[PDB]
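Notes to accompany the following structure.
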Amino acid sequence: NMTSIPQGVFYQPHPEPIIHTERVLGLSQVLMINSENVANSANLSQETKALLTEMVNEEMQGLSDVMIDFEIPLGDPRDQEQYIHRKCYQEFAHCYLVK
Amino acid sequence: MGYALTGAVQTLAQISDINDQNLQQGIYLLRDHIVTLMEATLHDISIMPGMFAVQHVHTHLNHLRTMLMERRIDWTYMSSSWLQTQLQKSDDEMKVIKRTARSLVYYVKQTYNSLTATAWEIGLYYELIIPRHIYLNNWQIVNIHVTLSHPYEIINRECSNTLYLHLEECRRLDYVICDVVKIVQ
Amino acid sequence: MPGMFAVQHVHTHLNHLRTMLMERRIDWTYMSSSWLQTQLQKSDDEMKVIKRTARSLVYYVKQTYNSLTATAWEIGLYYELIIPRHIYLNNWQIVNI
Amino acid sequence: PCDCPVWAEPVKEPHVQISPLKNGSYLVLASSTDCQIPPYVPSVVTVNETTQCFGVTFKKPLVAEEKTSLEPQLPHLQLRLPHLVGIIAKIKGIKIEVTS
Ligand SMILES: *[C@@H]1O[C@H](CO)[C@@H](O[C@@H]2O[C@H](CO)[C@@H](O)[C@H](O)[C@H]2NC(C)=O)[C@H](O)[C@H]1NC(C)=O
Ligand SMILES: *[C@@H]1O[C@H](CO)[C@@H](O[C@@H]2O[C@H](CO)[C@@H](O)[C@H](O)[C@H]2NC(C)=O)[C@H](O)[C@H]1NC(C)=O
Ligand SMILES: *[C@@H]1O[C@H](CO)[C@@H](O[C@@H]2O[C@H](CO)[C@@H](O)[C@H](O)[C@H]2NC(C)=O)[C@H](O)[C@H]1NC(C)=O
Ligand SMILES: *[C@@H]1O[C@H](CO)[C@@H](O)[C@H](O)[C@H]1NC(C)=O
C-alpha cells in the first residue's frame, strides 16, 4: 500500500501541552518558625527540647548555607500591621505582670 | 554577596484586581506581604505526645527542603481554598497554575539563639502565570530537491476544529508556556 | 534515642541521602563545613556559591558482610568543586533591533 | 564598546515591527510614515490614552513608585550614509558585510 502525503508536509505527535501567557502575578510570604510554641503543646521534657533545638538548627543552617540573598523591590516587611500583630503574639502573648 | 532586580514596577494593590480588561502582560506584585506561622499551619501538631512530635516536625521540615532545592512551591503553608476563591478560576486552571509555579528564597534570618529555644524567619518570593489559551491536543510539523517552506510550526485539532499556531520567544518548563501565538491561515 | 525510635531516624536519614544521590547533588551531613572552609580559607559567599554548584557521582556500592542480623555496606563518592575567580551578579542581556 | 562589522538585508515593503515590553511601553520600527511615528527610526513609545495604532490596541500604564536604577547608559556614534553600497543589497538580498 502506497499513500501520497499531501502538499509535502508530514506530522508527528507532540505530547507537551501549550499555554499562552497572560498577566504574571507574584506574591511574597514570610514564614516564622518558633520552637517554644511547638514545645508547649507537646508537653515536651527539658532534655528533649535540648535535642529538638539542635535538630532544628542543623536543618536551618543547611538550608541557609546553600542559598544566597536577593532583593525584592516591594519594601520593608517591618512596617506591615499584620506582621506587627503576629510578631507580638508569637513570643509575648501569654506574659502578664501582677502587683 | 547580594544580587538585585532593578527597575520600577507596577503594583495591583488588592489581590482581586488581577482579572481586569485594562492591563497587559508583565510582572505584577502585591503591596503587602503574607505572614505565616509554622505552628499555625499544621493541623495535627497537638494530640501527639512524647517524642513523636519532634519526629513529625523533622519529617515536614525535610520535605520543605526537598521542595526549595528544586525551585518549587510547597502548598502546605498556602491554603488552596483561599487562593481559589480570590482568583475565581476553574479546577483545571488551578491545576495548570500550580503545576508550573516556581519559588525563590531571598533571606533566611536567625533572630533568637539559645541552648533551648530558637526562632527563624524565611522569605519566599513566588511567581504565578495565569493562562489565556491552553492547547492540549497538538501535532508537530516535519517537512519532506524542492523544499516548500511554511509559517506554521504547530497544529491543533479539537472538537472538529483545526487551528494553525506559530510560536516565538518561548520558554520551557515542565509544560510549554509561551507569549507570542497568532492564528495563521 | 531508645527503643524503636532509633531505627526510624536511620531510615529517614538514609532516605534523604538517596533523594540526594538520584539528582547528582552532594549531601553535606557527612562532610563538615568548618573543615573545608578552614582548609580553603574562603569567604562565606564564596562557600555558598561553591556548595550550590557542586555535583557528585557514585562509582561503586559494595556489600561486605551479609547475614540475617548484621550487614555492612561501602559506598564510593566522587565530587567536583569549582572555585571562582570572577563572579558577576547584576547583568543585562543585549537584543539588537 | 564598538571596531565592529556591519551587514544589512533589504525587505519587501511594508513591514510592521511592534514589540511589547513588560513595563508598559512598546517598541515600534517604522517602515513607513503612518499614525504618529518618525520615519526610518525605531523607537520606544508610551501612550497616555487607550488608542489603536498600527493594527494593535494600546493601554496606558499605572502609576509606579520611582526607585533607584542600574541602567546601562549607552554611548553614541553614527554610521555611513552613502547609498551606492546599498545597491548591492538590492542585487542578492543575503546579508553581506560592509566594512566599518
Ligand atoms: C499536654 O498537657 C495538657 C495539660 O497538662 C493536656 O490537656 C489535658 O489532657 C488531659 C489528658 O491528659 C485531658 O483529660 C484534659 O481534658 C486536657 N485539657 C485540660 C485543660 O486539662 C494535653 O492533652 C497534653 N497533650 C498530650 C498528652 O499530647
Ligand atoms: C543503653 O544502655 C546503657 C547501659 O545499659 C545506658 O547507659 C546507662 O544508662 C543509665 C540509665 O538507664 C544511666 O543511669 C547510666 O549513667 C548510663 N551509663 C552507664 C555506664 O551505666 C544507656 O543510657 C542506654 N541508652 C538508652 C536507654 O537510650
Ligand atoms: C519602561 O521602560 C522604558 C525603557 O527604559 C522607560 O523609558 C525610558 O527609558 C530610558 C532608557 O531605557 C530611560 O533613561 C528613561 O528614564 C525612561 N523614561 C522614564 C520616564 O524614566 C519607561 O519610562 C518605562 N516606564 C513606562 C513606559 O511606564
Ligand atoms: C492495504 O493493503 C491491504 C492488503 O494487505 C488491502 O486489503 C487494503 O485495501 C489496503 N488499503 C488501502 C489500499 O487503503
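Protein chains in written order, with the authors' numbering: chain A, 141 to 239; chain B, 582 to 725, 737 to 777; chain C, 629 to 725; chain D, 778 to 779, 787 to 884.
Here a beta-carbon is modelled for each residue, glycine too, at the ideal position from N, C-alpha and C.
- In this structure, the C-beta of residue 723/C stays at least 8 Å away from each heavy atom of ligand 3.
- For residue 589/B, the chain D residues whose C-beta falls within less than 7 Å of its own C-beta are 848, 849, 850, 851, listed in chain order.
- Inclusion of residue 818/D and residue 838/D in the CB contact set at 9 Å is warranted, their separation being smaller than that value.
- Contact between residue 748/B and residue 754/B holds: their C-beta atoms lie close to 7 Å from each other, under 8 Å.
- Across the region 213-226 of chain A, CB contacts with chain B closer than 9 Å involve 213, 214, 215, 217, 220, 221, 222, 223, 225, 226, in sequence order along the chain.
- Any heavy atom of ligand 3 counts here; residues with a Cβ closer than 5 Å to one of them, in chain order, are 807/D, 808/D, 809/D, 830/D, 845/D.
- Secondary structure note for residue 618/B: its beta strand (DSSP E) is the uninterrupted segment 615-618.
- Chain C has no Cβ within less than 9 Å of the Cβ of residue 694/B.
- Taking a contact as a CB-CB distance under 8 Å, the pair residue 709/C and residue 682/C counts as one, their CB atoms being some 5 Å apart.
- For residue 644/C, there is no enclosing beta strand (DSSP E); the residue is part of the alpha helix (DSSP H) that begins and ends at 633-649.
- As the crow flies, the alpha-carbon of residue 201/A is around 43 Å from that of residue 845/D.
- Taking residue 659/C as the centre and dropping the five residues before and after it, the same chain places no C-beta closer than 6 Å to its C-beta.
- Chain-order list of chain C residues neighbouring residue 813/D: 725, by C-beta distance under 8 Å.
- Cβ contact annotation for residue 161/A (same chain, cutoff 6 Å, sequence separation greater than five): none.
- In the pairwise beta carbon analysis, the region 620-629 of chain B is classified as touching the region 165-179 of chain A: at least three pairs are separated by under 8 Å.
- Using a Cβ distance threshold of 9 Å, residue 639/C and residue 629/C do not count as a contacting pair.
- Under the three-state reduction of DSSP output, residue 792/D falls in the strand class.
- Interface annotation, residue 816/D: not in contact with chain C, CB-CB separation never under 9 Å.
- The beta-bridge partner set that DSSP reports for residue 764/B consists of 768/B.
- The beta carbon of residue 629/C sits closer than 8 Å to at least one heavy atom of ligand 2.
- Per DSSP, the continuous alpha helix (DSSP H) segment holding residue 232/A begins and ends at 221-232.
- Scanning its chain for C-beta atoms nearer than 6 Å, with the 5 sequence neighbours on each side dropped, one finds around residue 610/B the residues 590, 592, in chain order.
- Interface residue (Cβ-Cβ distance to chain A less than 9 Å): residue 585/B is classified as such.
- A residue is called buried once 16 or more other Cβ atoms fall within 10 Å of its Cβ, and residue 230/A is buried on that count.
- Under the three-state reduction of DSSP, residue 684/C is assigned to strand.
- Residue 148/A carries a helical assignment under DSSP once its states are collapsed to helix, strand and coil.
- Contacts with chain A (Cβ-Cβ distance below 8 Å) from the region 641-663 of chain C involve 656, 657, 661, listed in chain order.
- Taking residue 652/C as reference, the option from 720/C, 672/C, 632/C, 685/C with the minimal CA-CA separation is 685/C.
- Taking the Cα of residue 657/C as reference, the smallest distance to any Cα among 188/A, 209/A, 187/A, 195/A is reached at 195/A.
- Boundaries of the alpha helix (DSSP H) around residue 202/A: 186-205.
- Beta-bridge annotation (DSSP): residue 700/B is paired with 174/A, 693/B.
- Only residues of its own chain outside the window of five on either side were considered, and among them 665 have a CB closer than 7 Å to the CB of residue 675/C, listed in chain order.
- Not a single C-beta of chain B is nearer than 9 Å to the C-beta of residue 859/D.
- Residue environment: residue 868/D is assigned as exposed (fewer than 16 neighbouring CB atoms within 10 Å of its CB, all protein chains considered).
- Beta-bridge pairing by DSSP links residue 802/D to 812/D.
- The region 853-865 of chain D makes no contact with the region 825-833 of chain D: fewer than 3 CB pairs, one atom from each, lie closer than 8 Å.
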